[PDB]
Amino acid sequence: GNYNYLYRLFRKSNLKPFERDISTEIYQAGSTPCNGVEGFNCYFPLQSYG
Amino acid sequence: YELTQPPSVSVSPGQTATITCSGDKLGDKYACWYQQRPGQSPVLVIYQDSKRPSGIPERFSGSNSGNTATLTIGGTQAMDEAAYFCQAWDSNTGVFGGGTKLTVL
Amino acid sequence: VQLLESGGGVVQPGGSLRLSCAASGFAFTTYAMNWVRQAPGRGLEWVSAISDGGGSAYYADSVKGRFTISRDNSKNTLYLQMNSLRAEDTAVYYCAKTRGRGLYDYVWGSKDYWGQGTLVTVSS
Amino acid sequence: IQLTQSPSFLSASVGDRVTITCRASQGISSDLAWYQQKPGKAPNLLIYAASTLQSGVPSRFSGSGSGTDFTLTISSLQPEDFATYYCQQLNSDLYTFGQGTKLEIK
Amino acid sequence: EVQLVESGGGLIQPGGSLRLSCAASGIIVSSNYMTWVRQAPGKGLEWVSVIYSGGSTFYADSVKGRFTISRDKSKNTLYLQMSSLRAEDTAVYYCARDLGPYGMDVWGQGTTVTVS
Amino acid sequence: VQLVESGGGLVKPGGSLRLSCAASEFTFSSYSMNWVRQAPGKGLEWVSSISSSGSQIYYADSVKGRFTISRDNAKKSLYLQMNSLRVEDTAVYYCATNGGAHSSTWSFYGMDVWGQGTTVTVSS
Amino acid sequence: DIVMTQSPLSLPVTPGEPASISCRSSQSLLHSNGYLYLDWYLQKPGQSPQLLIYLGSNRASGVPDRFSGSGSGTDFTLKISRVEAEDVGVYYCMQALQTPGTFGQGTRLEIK
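(A) Quick peek at the overall build of chain G. Secondary structure summary: chain G contains 0 helices and 10 strands in total. Scanning chain G from its N terminus toward the C terminus, one meets helices and strands in the order β-β-β-β-β-β-β-β-β-β. Its C-alpha atoms give chain G a radius of gyration of 13 Å, within 12% of the compact-globule value 13 Å for 112 residues. Dimensions of chain G along its principal axes, counting C-alpha atoms only, are 40 × 25 × 25 Å. Residue pairs in contact within chain G that sit at least 24 positions apart in sequence constitute 53% of those at least 6 positions apart. Roughly 5000 Å² of accessible area belongs to chain G as shown, and the carbon and sulfur atoms make up 47% of that amount. With 8 positive and 9 negative side-chain charges, chain G shows a separation of 3 Å between the mean positions of the two kinds.

Quick look at the structure:
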């Protein structure tokens with residue numbers, strides 16, 4: 001797996017024509033508060049390509 | 001880079017004081033001097049090795065040549081009893097001298 | 001996920017060495033890394049950690065200046081600079097990745113996956 | 001893409017080592033999810049990313065394979081370990097499943 | 001804790017109209033990938049639709065032109081507009097939450113839809 | 001300008017602080033700031049420095065990787081992130097303006113306007 | 001520095017019995033954001049550790065259900081529901097709050 005290239009799958013906002021996301025936040029997947037901690041309903045925007 | 005100042009020197013009131021500052025090829029650089037009276041934030045008294053800031057009496061005379069930076073205080077009075085820090089800039093690095101304490105009797 | 005640690009062996013008291021943590025099976029591009037040592041029968045003790053893209057070079061006192069770390073974000077490898085090695089660093093060295101990839105998941109904190117470890121012996 | 005499980009009807013007694021195979025026709029190498037479905041019930045994740053244990057799944061369930069080959073391995077069967085087992089294409093557009101393998105506590 | 005509950009299916013004449021509902025507790029529907037999944041009697045699971053967290057929609061080849069997926073942010077609920085119903089639409093449908101590399105982590109109980 | 005600092009308090013080694021140095025006027029924008037700490041028993045140490053625009057940031061050798069100087073000319077404030085507060089960081093810190101717009105002109109000036117220092121203490 | 005002490009130094013416990021391991025921090029490890037930054041590790045004999053308990057009370061992927069953590073502020077306890085023959089080895093705690101990362105000294109759960 002070449003895990004050098006990634007893709008922001010985890011994001012709620014749709015992007016505007018030519019927009020570049022580069023943030024490293026904890027994607028909240030629901031109402032469960034993430035509070036800067038990775039886990040259930042708390043994943044990460046980027047998804048490494050296999 | 002280090003600047004070497006004698007730990008302390010003293011003269012009687014009304015005399016002329018002389019405090020030295022040593023550095024490697026220090027006469028090629030700009031040196032600032034500051035006055036720290038005990039319990040007080042320091043005040044700039046000499047910069048650019050020859051010029052005297054606004055608000056300072058002319059008896060604060062400083063000069064630089066070779067490897068020594070010197071400050072001269074003619075007619076020293078009571079409140080010249082203070083810590084004196086020779087300052088210099090080298091490669092964007094603020095490096096302070098040892099700090100010579102001047103004592104008046 | 002594999003954490004292959006390379007290098008290591010018998011080095012001279014005061015000599016030099018450099019260690020390689022070749023990682024695979026995961027991103028490593030947004031993950032922090034840790035270096036953990038264990039002298040023989042003396043317990044896991046910390047050494048180092050790095051951020052996602054280097055720059056953040058975090059060291060213990062005993063490795064102040066004497067050790068430095070780096071990563072090859074293109075080739076997905078972790079490195080470890082050594083100088084003037086003393087006898088207290090004779091140990092097996094683990095490179096370990098942080099859990100995770102967000103902030104407040106401290107780059108010097110939880111260590112999810114560990115390697116197999118290589119022995120670094122300082123003697124003559 | 002076409003996913004094929006092999007074979008459909010499978011039987012073993014308690015304690016046997018089982019290897020349920022979902023074979024990827026093209027080769028995707030990380031996109032598998034193992035779906036166990038009690039007869040007439042709601043499926044559940046077993047192994048996601050084809051090798052990692054999804055949280056709360058008991059440690060008797062394992063997955064292996066990468067690329068074109070993929071397998072489900074159960075180290076020690078239980079009398080309740082009978083179900084219909086699905087494989088799914090992750091990171092896809094149609095989320096293609098397999099036909100389904102019905103393990104039987106026989 | 002994370003529960004999906006479904007309603008709206010039932011016996012409906014061929015070609016008729018219908019709608020499903022899927023209330024969600026815990027998960028916000030308006031920011032997660034929700035999918036519709038079908039299971040015909042005597043058959044396995046099969047995909048129907050997905051509506052993206054941004055609001056983009058998707059349906060299967062056997063679904064395009066017939067069904068529509070719809071949502072509500074006020075009630076945190078998922079809907080499926082059911083229309084032009086043929087005999088092959090007789091199945092049980094569940095609502096699941098899509099996380100890409102992570103599998104369908106939560107599921108619904110399912111509702112039986114019959115065509116006659 | 002007229003300078004006032006804040007933020008110094010009792011913390012234990014390794015803790016976090018965030019000092020400040022607020023300005024009275026908006027002439028703050030024209031001054032390159034310096035952080036200078038004064039030991040309880042010795043004189044002064046240069047800690048860091050920042051340009052008028054804030055794009056020319058330098059640190060002392062003993063403090064890089066720990067502190068993070070930043071400013072806000074529209075907020076007329078100067079900050080100093082204070083992480084891994086460590087055994088010899090107990091001191092009184094002075095915020096002093098240089099006047100020179102960029103690091104290339106710092107040698108032509110001196111630190112003229114000092115605010116009242118803020119006492120920082122680290123101890124167990 | 002955060003110097004952490006484990007309690008006790010050894011816990012030889014027969015398999016099938018329950019076991020608790022306690023390690024108390026010198027300082028407070030609570031609420032960097034609202035959690036307890038103490039992590040629990042098991043170094044099984046001859047091989048490398050992996051996480052058992054993170055954030056004081058929670059566990060990582062794939063951990064046996066018998067493990068659980070408890071305690072707040074300075075006192076923290078690991079709770080093994082049923083010791084077995086694969087549980088042998090040293091247990092470590094770590095403070096995950098300040099940069100100097102210190103581990104425990106190592107208490108083995110063994111079979112006596």
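(B) Region of the structure containing the overall build of chain D. Along chain D, the regular secondary structure elements total 0 helices and 10 strands. Relative to the globule expectation of 13 Å for 106 residues, the C-alpha radius of gyration of chain D, 13 Å, shows essentially globular dimensions. For chain D, the spread of C-alpha atoms along the principal axes amounts to about 35 × 25 × 25 Å. A separation threshold of at least 6 residues defines the contact pool for chain D, and within that pool the share at least 24 residues apart is 55%. In the structure as shown, chain D presents an accessible area of about 4900 Å², 48% of it carried by carbon and sulfur atoms. Between the averaged position of the 7 positive side-chain charges in chain D and that of its 7 negative side-chain charges there is a distance of 7 Å.

(C) Spatial organisation of the interface of chain C and chain G. If you look at the interface, chain C gives 18 residues, while chain G gives 21 residues. Taken over both partners, the interface formed by chain C and chain G buries close to 1700 Å², and the fraction arising from carbon and sulfur atoms is 53%. Taken together, chain C and chain G are joined by 0 salt bridges. Joining chain C to chain G, the criterion identifies 6 residue pairs in polar contact.

(D) Region of interest: the interface of chain B and chain F. Facing the 16 residues of chain B at the interface are 18 residues of chain F. Taken together, the two surfaces of chain B and chain F that pack against each other cover about 1600 Å², and 65% of this comes from carbon and sulfur. When the buried area of chain B at its contact with chain F is split by residue, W89, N92 and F96 of chain B rank highest and sum to 40% of it. The tally of links between chain B and chain F comes to 0 salt bridges. The interface formed by chain B and chain F holds 6 residue pairs in polar contact in total. At the level of elements, β3 (31-36), β7 (83-90) and β8 (93-96) of chain B are the ones that each hand at least two residues to the side of chain B that touches chain F. Across the side of chain B that touches chain F, the residue classes tally to 8 nonpolar, 8 polar and no charged.

(E) Structural detail: the state of the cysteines. One pass over the structure, following the stated rule, counts 7 disulfides over all chains. Disulfide pairing is shown between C23 of chain G and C93 of chain G; the S-S distance is 2.0 Å. Given an S-S torsion of about 95°, the disulfide between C23 of chain G and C93 of chain G has right-handed geometry. Separated by 70 residues along the polypeptide, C23 of chain G in strand β3 (residues 19-25) and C93 of chain G in strand β9 (residues 89-95) bring together distant segments of the chain. Per residue, the accessibility class of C23 of chain G equals that of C93 of chain G, and both read buried. No disulfide involves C32 of chain B; its sulfur sits 8.6 Å from the nearest other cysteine sulfur, which is in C86 of chain B.

(F) Geometry of the side chain of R37 of chain F. Residues and elements named next belong to chain F. Note that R37 resides in strand β4 (residues 33-38). A residue is classified by how much of its surface remains accessible, and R37, at 7% relative accessible area, is buried. At 3.5 Å, the side chain of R37 forms a polar contact with the side chain of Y93. Apart from residues no more than four positions distant in its own chain, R37 is found in contact with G43, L44, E45, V47, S62, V63, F67, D89, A91, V92, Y93 and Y94.

(G) Representation of a nonpolar patch on the surface within the structure. On the surface, a cluster of nonpolar side chains totalling about 230 Å² of accessible area is made up of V14, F82 and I105 of chain D. Checked against the element boundaries, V14 of chain D lands in the loop between β2 (9-12) and β3 (18-24).

(H) Structural context of the nonpolar core. In terms of nonpolar packing, the biggest core is built from 47 residues, with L38, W40, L78, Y91 and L109 of chain G touching the most fellow members. Within the second largest apolar cluster, 40 residues are counted, among which are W46, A60, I69 and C95 of chain F.

(I) Up close: the pattern of salt bridges. Per the stated rule, a full pass over the model turns up 21 salt bridges over all chains. Notably, a salt bridge pairs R37 of chain F with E45 of chain F, separated by 3.1 Å at the nearest N-O pair. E84 of chain G is the partner of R66 of chain G in a salt bridge, and the nearest nitrogen-oxygen pair spans 2.9 Å. Taken together, the positions of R66 of chain G in the loop between β6 (58-59) and β7 (67-70) and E84 of chain G in the loop between β8 (77-80) and β9 put the pair 18 residues apart, joining distant regions of the chain. Here the salt bridges do not stand alone but share partners, grouping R37, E45, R66 and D89 of chain F into one network.

(J) Structural detail: the packing of aromatic side chains. Within the structure shown, the criterion is met by 30 aromatic pairs over all chains. Chaining the aromatic ring pairs together yields one cluster made of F10, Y27 and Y43 of chain A, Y48 of chain D together with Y102 of chain E. One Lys or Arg, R59 of chain B, reaches over the ring of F60 of chain B and ends 5.0 Å from the middle of that ring. Between the NZ or CZ atom of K97 of chain C and the centre of the ring of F26 of chain C, over which it lies, the distance is 5.5 Å.

(K) Quick peek at the environment of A22 of chain C. Residue and element names in this part refer to chain C. Among the secondary structure elements, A22 is positioned in strand β3 (residues 16-24). In this structure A22 comes out as partly exposed when scored by relative accessible area, which is 32%. Measuring from C-alpha to C-alpha, the distance between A22 and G115 comes to 9.8 Å, with 93 residues separating the pair along the chain.

(L) Molecular detail of the sheet that holds strand β1 (residues 4-7) of chain G. All names here are of chain G. In space, the 4 strands of this open sheet follow the order β1-β3-β8-β7, with antiparallel pairing throughout. Strands with a single pairing partner mark the edges of an open sheet, and in this sheet they are β1 and β7. Here the average twist between neighbouring strands, direction ignored, is 20°. Sheet topology places β1 next to β3; 4 bridges connect them, and they run antiparallel. Looking across to β3, one finds that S7 is bridged to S22.

Reading the values: rules and limits
- Residues numbered from 1 in each chain as written, not as in the entry; some residues may be left out.
- Chains lettered and ligands numbered in written order.
- Part of a larger assembly, values for the part shown.
- Heavy atoms only, no water.
- Helix = DSSP H or I, 4+ residues; strand = E, 2+ residues; numbered from the N terminus.
- Rg over C-alpha atoms; globule rule 2.2 N^0.38 Å.
- Contact = heavy atoms within 4.5 Å.
- Areas by Shrake-Rupley, 256 points an atom, 1.4 Å probe, with all protein chains shown as cover.
- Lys, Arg positive; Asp, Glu negative; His and termini not counted.
- Charge placed at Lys NZ, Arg CZ, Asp CG, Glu CD.
- Buried area = accessible area lost by both parts, 1.4 Å probe.
- Salt bridge = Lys/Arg side-chain N within 4 Å of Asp/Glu carboxyl O.
- Polar contact = N/O pair within 3.5 Å; in protein donor to acceptor, adjacent residues only side chain to side chain.
- Nonpolar A, V, L, I, M, F, W, Y, C, P; charged D, E, K, R; others polar.
- Disulfide = S-S within 2.5 Å.
- Buried < 20%, exposed > 50% of the residue type's maximum accessible area, 1.4 Å probe, protein only.
- Patch = residues over 30% accessible without salt bridge, like charges linked within 9 Å, V, L, I, M, F, W, Y side chains within 5 Å.
- Core = buried A, V, L, I, M, F, W, Y, C linked by side-chain atoms within 4.5 Å.
- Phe/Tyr/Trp six-rings, centres within 6.5 Å; stacked < 30°, edge-to-face > 60°.
- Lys NZ or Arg CZ within 6 Å of the ring centre and 35° of its normal.
- Pairing = 2+ DSSP bridges.
- Axes fitted to C-alpha atoms, helices over the stretch in contact; angles between N-to-C directions.

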